[PDB]
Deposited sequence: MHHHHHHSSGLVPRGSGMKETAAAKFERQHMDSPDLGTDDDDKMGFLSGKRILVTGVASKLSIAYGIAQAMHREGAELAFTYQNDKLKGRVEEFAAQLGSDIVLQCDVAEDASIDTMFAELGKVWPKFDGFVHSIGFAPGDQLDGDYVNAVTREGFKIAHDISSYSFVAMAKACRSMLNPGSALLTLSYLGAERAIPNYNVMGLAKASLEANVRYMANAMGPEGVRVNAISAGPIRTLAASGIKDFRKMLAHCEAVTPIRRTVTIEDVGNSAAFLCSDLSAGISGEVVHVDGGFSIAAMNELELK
């Protein structure tokens, strides 16, 4: 596979529906050696077994809200991989009350802080903590959403956090490029991981279907492989062309 010889850490695997699962799947298909993180001691067993099916028993706890947890995860990772070739950041959160109704009425100082901290800062917090561990030719990948670029009802403060995240992609690419690391995002179309949101995108997307975790995983695999050696700092739309049409 075109990831042979690569070791990639994959965050965000929570179930077989997770975008991160589809990415891990495609990467394993392409010959990558994988490691997995999990947020809390609840997902622990569930992720250990997803890992197993994908050639791996590197399953490590990490809450990205805490610098200590990120450090201790990469110290653990360093025991089996003193060096490695990048990671997939597939993590986001905002408090539930943030994401319903009029944006201005819903947003709070605290809601804004957590959304940005978990959905955007954590991407660079992970890069900081593993920087000396990355091989030349490493690639970092995060997952964004059209909410960054357009005002979408209910998406609310997550849109700001995703915009911060896409700028984070650019400043990371810029800072880490000279030492041979690429940094990109995929802006994915909607996937079941909102019933009206999915339905709308299907009717008006150029490809006339919603994208799958397989489509996103294949794009992800490519973007973390040396095939994409020419691509850095880019948000690639894997939404079947939805964002480039209007009034279909």
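**Student:** So, counting the deposited sequence from position 1, which segments are absent from the coordinates?
**Tutor:** Unobserved in coordinates, per deposited numbering: 1-44, 238-245, 301-305.
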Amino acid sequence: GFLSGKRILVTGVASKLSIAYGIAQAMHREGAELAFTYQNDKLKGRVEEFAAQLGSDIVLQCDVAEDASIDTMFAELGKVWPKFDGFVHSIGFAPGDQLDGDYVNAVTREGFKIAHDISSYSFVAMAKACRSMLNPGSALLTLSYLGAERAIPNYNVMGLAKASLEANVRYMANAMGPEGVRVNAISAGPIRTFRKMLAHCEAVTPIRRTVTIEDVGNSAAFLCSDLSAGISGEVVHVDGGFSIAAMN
From here on, numbers count along this sequence of modelled residues.
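For the two forms, the rigid core is made up of the largest set of C-alpha atoms that agree within 1.5 Å on superposition.
**Student:** Which of the two stretches, 184-192 or 33-41, moves more in 5 other deposited structures of this protein when the core is held fixed, judged by C-alpha RMS distance?
**Tutor:** Of the two stretches, the larger average C-alpha offset in 5 other deposited structures of this protein falls on 184-192.
**Student:** Comparing 36-44 with 208-216, which stretch shows the greater average C-alpha B-factor in the deposited entry?
**Tutor:** Taking the mean B-factor of the alpha carbons in each, 36-44 is higher.
**Student:** Per the record, averaged over C-alpha atoms, which has the higher B-factor: 222-230 or 14-22?
**Tutor:** The stretch with the larger mean CA B-factor is 14-22.
**Student:** Per the entry's Cα B factor values, which of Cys201, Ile186, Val64, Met27 stands out as the maximum?
**Tutor:** Largest recorded C-alpha B-factor: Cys201.
**Student:** State the tercile, meaning the lowest, middle or highest third, of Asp117 with respect to the CA B-factors recorded for its chain.
**Tutor:** Lowest third - that is where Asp117 ends up once the chain's C-alpha B-factors are sorted.
**Student:** Which third, lowest, middle or highest, does the CA B-factor of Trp81 fall in along this chain?
**Tutor:** Within its chain, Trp81 is a highest-third residue by C-alpha B-factor, going by the deposited values.
**Student:** Which third, lowest, middle or highest, does the CA B-factor of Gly111 fall in along this chain?
**Tutor:** Lowest third, going by the recorded CA B-factors of the chain.
**Student:** Going by the CA temperature factor in the PDB record, which third of the chain does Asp100 belong to: lowest, middle or highest?
**Tutor:** Top third by C-alpha B-factor.
**Student:** Going by the CA temperature factor in the PDB record, which third of the chain does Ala52 belong to: lowest, middle or highest?
**Tutor:** Tercile = highest for this residue's CA B-factor.
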